[PDB]
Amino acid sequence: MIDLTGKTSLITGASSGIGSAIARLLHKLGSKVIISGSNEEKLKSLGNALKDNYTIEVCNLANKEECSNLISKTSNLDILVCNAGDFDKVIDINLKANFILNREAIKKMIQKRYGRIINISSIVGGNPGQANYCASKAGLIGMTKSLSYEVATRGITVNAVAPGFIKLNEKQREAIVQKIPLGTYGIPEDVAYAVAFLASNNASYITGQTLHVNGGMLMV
């Protein structure tokens, strides 16, 4: 069903366990992958596992010009995956960086009348969690819907994946897992799976949606 052959995807925060699960899956589905992030050493070990059809981009999203530059550095771009990511610090990383990445990617994707943007919110935390992470996640979803409407006639979809708890002392766990009906934490591959679907041609009529991958913890 899901074939990403011929596509080029860019994954930010590609050395996190979610970032890397996404990178492997999209690569395994035939996408050429641009794995981006600040830890060159970890990106390279990801790269080694990928073997070919990837490129590393050592990048600090915290810097606005570097977000802006990251996308230009790329010629083909069909799929952008923005991983997460002081109130100000979380907002600037989880929301302002992502705006730039999304906007710049849109400018590129408009030229082809094709593209996929998937914004991934950080892992809970934390029912609604700390104000900063909760504000930035919501903000990112509001951002996603808004850009979705804006690029809709031009063949670009913009969607969000909201992971719940992805893999403490036995007290802290009890606490969380009790908020997850399924009764367990998710794994990075659970998020990767949702992302690959939204990044594919089989989700061409899905835009502005947030897809929660959370074990029933939040039902929307």
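Residue indices: 1-based, along the sequence shown.
According to the record, no deposited residue between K51 and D52 is left without atomic coordinates. The question of which stretch, 172-180 or 157-165, has the higher mean Cα B factor is settled in favour of 172-180. Between 136-144 and 86-94, the higher mean Cα B-factor belongs to 86-94. Per the PDB record, residue ranking by Cα B-factor puts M1 in the highest third of the chain. Compared with the other modelled residues of the chain, the Cα B-factor recorded for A194 ranks in the lowest third. Per the deposited record, the Cα B-factor of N76 falls in the highest third when ranked against the other modelled residues of its chain. In the PDB entry, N127 places in the highest third of its chain by CA B-factor.
Sorting the modelled residues of the chain by their CA temperature factor places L26 in the lowest third.
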